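Residue numbers (the deposited numbering), protein chains in the order written: chain A, 1125 to 1365; chain B, 12 to 928; chain C, 1 to 72.
Here's the structure, in C-alpha cells; my notes come after.
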DNA sequence: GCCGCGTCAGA
DNA sequence: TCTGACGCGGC
Ligand SMILES: [Mg+2]
Ligand SMILES: [Zn+2]
Ligand SMILES: [Zn+2]
C-alpha cells in the first residue's frame, strides 16, 4: 500500500537520478570536489558550457564523450516524478504512472479499470508556472482554469495582447487538495486555522460551485438528479415564455 | 433573488462588532445563587441576550397577549420568543487593545510579514521587553528599531522629546496604523525590479501580494489588533441544570468569566494611578487570557480546570475529527432509523428483506397515524397514539398495507463503496432480526456471525422514487469497479451445482434416452437412475447470435442426468452449451455475465433466483459432510522426512569440522526443508483427488468424490494451501521479522503438534493478526484523501470536441502479456483512425469499442491505438461524455450526471484492505 | 418490484435520471388532484408507481408531461 | 548559497 | 514514529 501512497502524493524518492535538457557533450573536468560538471553546451558551434554541480560518491551513466541529448539519464537509480513532466512531456509521465499502478494492483488478484486511475491523475495537473507576463504576475503558481480563461479574455478582446506562456507542474494529492479555490471545502478538509485566517485577509468570495458546499448548507448538489432538475425546469421557461 | 448564492469572509472592524452587539457585558456574573434566575448585566443578562420563557418578561409583570412587542420597565426585558437567545450576541469593552493571536502565530505571521520583522522581535515588544520608535523625529534613530530600557533612557537623556517608543499592543497598533501603503508598494516593487532573487528577493515576493490584497479588499490593516471583542449567545454555552442538583457549565463560560474581571481590575488600576509595574502585569495577564479564550495552547501551557484537562477553547470547536465541520455538518445522527442483527432468510427474492414488525411499527408510526385518522378509526392524535400503544389488531393490517411498495434503505457500518447501500422492499416478519437475500451478502461484505445493519426510511415522493429507480438491488448487478457481476452464487450454492454436474462411468440407467426435461424429472424422482449418469437428450430451442440474429438449434446431445435437471431454469435465448460442463464457479459467473450482456437485466436476476433455488435444493439431498478420514495423510511421509533429516545431519557434519561456513549452512538447510515439504505436499493431492477401483474389467483411476477435495476443486470455500497444512506438513514459520526458523514443523493438524511446535507458530499468528487492526485506519485515510482530491468531477457535456489522447499497448512484462490490448482498451473510445499495414482504414476516429469490434483488433494484427483519456479532455472543471468511455457498470456510454470522481476514488482504496505486500 | 421496473421505462425516456424527475412531477400531479378519495388506495398501488406504469405503457409521452406544468 | 535542528500537521 | 512542507538560524 505505501508504494501506492508514494505514487499518489507525488514524492521524489531518495537519490533517483539527474537530467539535462541542454543537449551537448558528455564528460567531466571540473574541480573533482564532489561538484562534477559537464560540457553539455555545443562548445563548437556555440561556445558555452551548461552544467550543474553534483557529488562523486557513486558511479556514472556516460563515457568521456557522447552526444548527450536534452533529458537523458545521467545517474542510475529510481525515476523522479517531477522531471518527466517537464522533460519527457506529459504522455510519458502518464504511461509510467499507469504501468506502475496497474502492476502493483493486478499483482494481488485485484481488478481495476485504468479509467479510474487516470481520472485521479487528472486532478494532479491543475497548476502551471507562468512565463509570459500577459496580465497576471510572474512564475507564481496559477490555475489552468484561471490561465485558460484570462488568456481567452485577452485572446480576441484587445488583440490577443500576448496572452500567456506556461508549463504544467506536478503536485501531490493533499497539496492539490488544500490548494483549491473554495475556502469552505478546504476549511472542512484539514488545517482549518490556517486556511480560515488566510482567506479572512483576502475578503475571499466563494461561489458555491461544488459538491461539498451545497451539503454544508442543504442544497441540491450540482450532480445526479440536481442537473436533471436544472435541465428540465429550464426547459419549462422556453415553453411558458 | 430570495436565496443567497455567494458566501464571503472578511475582517471585522470595531464598528461592525458593535453593530452586532445587542448590549454590553460588564460584570462577571452568570446566574443568581439562591434562585436560579439570570443576573443583572453579567453573562446571562436577560436584558441583553433575550427573555427566558416566551412572551414573558423576567419580573413576570407583562404577561398577557395585550402586550407583545412591549418592553417591560421593571426589568429591561423585551417580550418576544425565547428563540432569540441563540442569535443575539453582545460585546466587551477593552481598556487597552490586544492582539488577535491568530494573525500573530499562524506561521507565517501576517503581522511579521507586514512589519517586515522577525516574530520573536515582535513578541519581545508585545511582552513588554523593549521599546520601539514610533515617532521618527530628527533624532537619527530608526522607526522599527528595538531599544533596550537603558539605551532608551539614554535616548531620552540626549534627545528628550521628538520621538516616542512605547511598549505593548498600542505600539504595534500605532505602527500598523501609520504605515502608508503607496509609500511602500512601489518602493519594494522596485527592489524586486532589482530582481536577484537567488536568496534575498526570494523573500520579498509575498509582501507584494499581501500589500496588494490589503489595498484591494478595503480592510484597515490595523484591524488585526482588537479593541472590542464580542461574546457568544448564551444558548451556545449553556448552564443547564441536570440531575444531582448540579449544573453543567461550558469551558467557554470560564474563559469569559476570567477575561471580564481581568479587564475590570485593569480599569480600576488605571483609575487609581498605580505604579507602572503592576499596570504592566495586568496589561499582560489580560493578553494571556484573551489568547487562551481564542485558542489556548498556541503559545503557552494552555490553562486547565480542576479536573486538569486542557480546556476546550473557541477555535478548538471548529477543527479536528470531533470538531464542528466533519462531526455535525457531515454527521447528523438522523431520525426514522433502526438497527439490529442480520440473519439469512433464503426464501426471499432479490428485492425483499425481512423486517421485525416492531421496528416496522416504529419507523412508520406517523404514516400509520395518518391512515388511521383518514380511515375513520380515530379522530384526534391522542386517539391514535392511545390505540397504537396497546397494539390493536387493525393496526397490523393497516401497517401491512402502508408498506406495500415503500422501499427502505440498508447499510453496513464500514461503507467502502456505493454497493454498501442498497434499497429493498420490506415485508413483515415476526421475530427480532433482519433477514436479507443471501446473494447480496458479498456486496455488503457481511456474514452472519453477529454483524448488525442499519435501516433508514425515505419520506418524500422524489426520494422514495429515487431509491426505487437508482438504488434497488435489482439495478446493481455489475460492479462499478469492473464490469464483473456481483451477485454470483458463493459458498454452497456452488457445492451443490458442481456436485450434481459431474459424471460417472458405470451407473444405473446409463445410456438411456429421453425426449424432454419433464421426462428426466419423472425418471429421476422414481429412484432408478443415478444422478451422475450419462444419458441422451434431444433438445430444440432458439439461440441468440452475436449480431442480433436468433437461429434455431436442435438434435441429440450426450448429457448427464444432473445437467438436464438444470435445463428448466435456462431461459429461452441462451445455448445449452453453457450448462453442458462441470460447472465450477468461474463458469457460473460466465453464465450470469453472458445472460446480462445479451438478454437484458431482469432475465439475469430471475436466472440467479432459480440458480439459488436449485443449488440449495440439490446440495442437501447429497448430504455432503466432512469426517476426519476424509483427510488422508500420504503414505510416503516418514521416509520423505528421513531423507531430509539425514541430509541435515550431513550439513551439520560439514559444519562441525569447520569445513563449511555458517550462513551457507543455514541457507541450504532452509532450501532442504522447503523442497521436501513441497514434495510431501504435492503428494497428498494425488493421495486425495484420485481413487482407483476395480471397475468391471479392471482397476482404473477416476476423479474422486471426496468431500474435502470437492470443497476446493469447485472454488466453493478453500484453497490448496489449507489442504497442505491439514494433510501435509506446516513447514516454515517466520520469526517476527520474516527470517525463517532453522527448525520446521513436521507434524500437521490431523496429527497435532508438540508444545514447542505450537509455540513457534504463535509468533507469526499474532503478528499477522495484529497487522490488520493496524491497517483498518490507513485505507480509510487514503480513500478519504482521494475523495477530497476529485470530489467535484462530474460528467457535464456530451462531447468536448478535441482530438488528443494516449497510446495504449498490451503491457508486456518480458515474460508474458499479462493484459491484452483487446482487454486494456475495451470500451474506451478511439482518438483517431487506425490504418492497416496493408493500407485501408479499419476503425474511424470517435468509435467506441465493443466486444464485437474488439475482435477486429487481434484479427488484423494491431498492437497500438490512440484513445481519449480524461487526462486529455478539453472541458473546464468537468468531463465530457466521451473522454471517459463506457460506464463499466451498466454497459453503455456514460450518462450525463454520473459523479465519476467519487466512484473512481472509492474504487481504488476499497480493495486496499486486502493488498498488503 | 411488483410488476414494472426501470428496465422497462428506460426504453422511452433516457439517462435514467430524467426518468426520476419526470416521474416525480407526474406523481405529484396525480397526488394533488385529490386522487386520495381513499376507496382506491387500499386496493391498488401508490401513485409513485402508478406514474412509472403510466410511463412504461407509453401512455403519457413525457414531452406531454412538462406541458402539464404550464397547467400549473 | 547550504549541513543540521526545529515546530506544525496529520497519523 | 514520521514525513514533510516549511523554515529561519550558524558560515
Ligand atoms: Mg462479521
Ligand atoms: Zn419586567
Ligand atoms: Zn472530453
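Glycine residues also receive a C-beta, built at the ideal position from the N, C-alpha and C atoms.
_Suppose you measure from the CA of residue 11 of chain C to the CA of residue 804 of chain B; what does that come to, to the nearest Å?_
Residue 11 of chain C and residue 804 of chain B have their C-alpha atoms some 28 Å from each other.
*So, do the segment 1325-1338 of chain A and the segment 223-234 of chain B have three or more beta carbon pairs nearer to each other than 8 Å?*
Three or more Cβ pairs drawn from the segment 1325-1338 of chain A and the segment 223-234 of chain B lie within less than 8 Å of each other, which places the two stretches in contact.
*With burial defined as no fewer than 16 other Cβ atoms inside 10 Å of the residue's Cβ, what is the status of residue 1171 of chain A: buried or exposed?*
Label assigned to residue 1171 of chain A: exposed.
*List the residues of chain C that residue 1360 of chain A touches, going by C-beta distances under 8 Å, in chain order.*
Under the 8 Å cutoff, chain C gives 66, 69, 70.
*Assuming residue 35 of chain B and residue 41 of chain B make a contact with CB atoms under 8 Å, what is their CB distance in whole Å?*
Taking 8 Å as the upper bound for CB-CB distance, residue 35 of chain B and residue 41 of chain B are not in contact here, some 16 Å apart.
*Euclidean distance between Cα positions of residue 1358 of chain A and residue 894 of chain B*: Rounded to the nearest angstrom, the two C-alpha atoms are 27 Å apart.
*Where residue 21 of chain C meets chain A, residues with beta-carbon distance less than 9 Å*: Residues of chain A passing the Cβ test: 1349, 1352, 1353, 1355, 1356, 1357.
*asked:* So the candidates are B:873, B:836, B:839, B:838; which of them puts its Cα closest to the Cα of residue 853 of chain B?
replied: The candidate whose alpha carbon is nearest that of residue 853 of chain B is B:873.
*Please confirm whether any heavy atom of ligand 1 lies closer than 8 Å to the CB of residue 431 of chain B.*
For residue 431 of chain B, the shortest separation between its Cβ and any heavy atom of ligand 1 does not lie below 8 Å.
*Is residue 891 of chain B near ligand 3, going by C-beta to nearest heavy atom under 8 Å?*
Within the cutoff, so yes.
*residue 813 of chain B: beta carbon under 8 Å from a heavy atom of ligand 3?*
Correct: residue 813 of chain B has its Cβ closer than 8 Å to ligand 3.
*asked:* Are there any heavy atoms of ligand 1 lying less than 8 Å away from the beta-carbon of residue 784 of chain B, as far as the coordinates show?
replied: For ligand 1, not one heavy atom lies less than 8 Å from the Cβ of residue 784 of chain B.
*Determine the contact status of residue 926 of chain B and residue 1297 of chain A, defining contact as a CB-CB distance below 9 Å.*
With contacts defined by Cβ atoms closer than 9 Å, residue 926 of chain B and residue 1297 of chain A do not form a contacting pair.
_Considering only the alpha carbon of each residue, which of C:57, C:8, C:26, C:31 lies closest to residue 69 of chain C?_
Cα-wise, what sits closest to residue 69 of chain C is C:26.
*Check whether the Cβ of residue 891 of chain B lies closer than 9 Å to any Cβ atom in chain A.*
By this cut-off, residue 891 of chain B is not an interface position.
*Contact set for residue 1262 of chain A: own chain, Cβ-Cβ below 7 Å, skip 5 residues either direction*: Answer for residue 1262 of chain A: 1254, listed in chain order.
*So what does DSSP say about residue 1331 of chain A, is it helix, strand or coil?*
Residue 1331 of chain A falls in the strand class under three-state DSSP.
_Within 8 Å, do at least three Cβ pairs link the segment 640-652 of chain B to the segment 511-522 of chain B?_
Segment contact: the segment 511-522 of chain B against the segment 640-652 of chain B, fewer than three CB-CB distances shorter than 8 Å; contact not assigned.
*Entirely within the segment 360-389 of chain B and at least 3 residues each: give me those beta strand (DSSP E) ranges in chain order.*
Taking only runs of at least 3 residues, the beta strand (DSSP E) segments lying wholly in the segment 360-389 of chain B are 363-367.
*Taking C-alpha atoms, which residue in B:657, B:680, B:341, B:738 lies nearest to residue 691 of chain B?*
The shortest Cα separation from residue 691 of chain B among B:657, B:680, B:341, B:738 belongs to B:738.
*Grouping DSSP H, G and I as helix and E and B as strand, with all else coil, what is residue 674 of chain B?*
Three-state result, residue 674 of chain B: helix.
*Please classify residue 1363 of chain A: is it buried, with 16 or more other beta-carbons within 10 angstroms of its beta-carbon, or exposed?*
Result: exposed.
_Quick check on the DSSP output: the beta strand (DSSP E) that includes residue 718 of chain B runs from which residue to which?_
Element bounds for residue 718 of chain B: not the beta strand (DSSP E) but the alpha helix (DSSP H), 718-724.
_Counted within 10 angstroms of its Cβ, other Cβ atoms place residue 302 of chain B as buried (16 or more) or exposed_ = Buried: at least 16 other Cβ atoms inside 10 Å.
*For residue 392 of chain B, is the classification buried or exposed, using 16 other Cβ atoms within 10 angstroms of its Cβ as the cut-off for buried?*
Flag for residue 392 of chain B reads exposed.
*Listed from N- to C-terminal order along the chain, which residues in the segment 641-673 of chain B have their beta-carbon within a distance smaller than 7 Å of any beta-carbon of chain C?*
Only those residues of the segment 641-673 of chain B whose C-beta falls short of 7 Å from the nearest C-beta of chain C would be listed, and there are none.
*Following the continuous alpha helix (DSSP H) through residue 282 of chain B, name the residue where it begins and the one where it ends.*
Looking at the DSSP string, the run of the alpha helix (DSSP H) that includes residue 282 of chain B is 262-283.
*Please list the partners that residue 908 of chain B has in chain C, where partner means a Cβ-to-Cβ separation under 8 Å.*
Contact of residue 908 of chain B with chain C by beta-carbon distance below 8 Å involves 15, 17.
*Given that residue 1390 of chain A touches chain C, what residues does it touch there, using C-beta distances under 9 Å?*
Lying before the first or after the last residue shown, residue 1390 of chain A is absent from chain A, which here runs from 1125 to 1365.
*Give every residue of the same chain whose Cβ lies closer than 6 Å to the Cβ of residue 190 of chain B, excluding the five residues on either side of it in the sequence, and list them in chain order.*
The answer is none, since no qualifying residue turns up.
*Please name the residue, chosen from B:884, B:249, B:613, that lies closest to residue 63 of chain B on a Cα-to-Cα basis.*
Nearest C-alpha to residue 63 of chain B: B:249.
*Of the residues B:256, B:377, B:141, which one's Cα is nearest the Cα of residue 156 of chain B?*
Closest by alpha carbon: B:141.
_Which same chain residues end up closer than 7 Å to residue 602 of chain B when comparing Cβ atoms and leaving out the 5 residues on each side of it in sequence?_
Around residue 602 of chain B: 589.
*Looking only at C-alpha atoms, which of B:847, B:917, B:813 sits nearest to residue 891 of chain B?*
The residue with the shortest Cα to Cα distance from residue 891 of chain B is B:813.
_Proximal residues to residue 659 of chain B (C-beta, below 7 Å), its chain only, five neighbours per side dropped_ = Contacts found: 680, 683.
*Which bits of chain B does residue 2 of chain C rub up against, with CB to CB less than 7 Å?*
Here the neighbours are 416.
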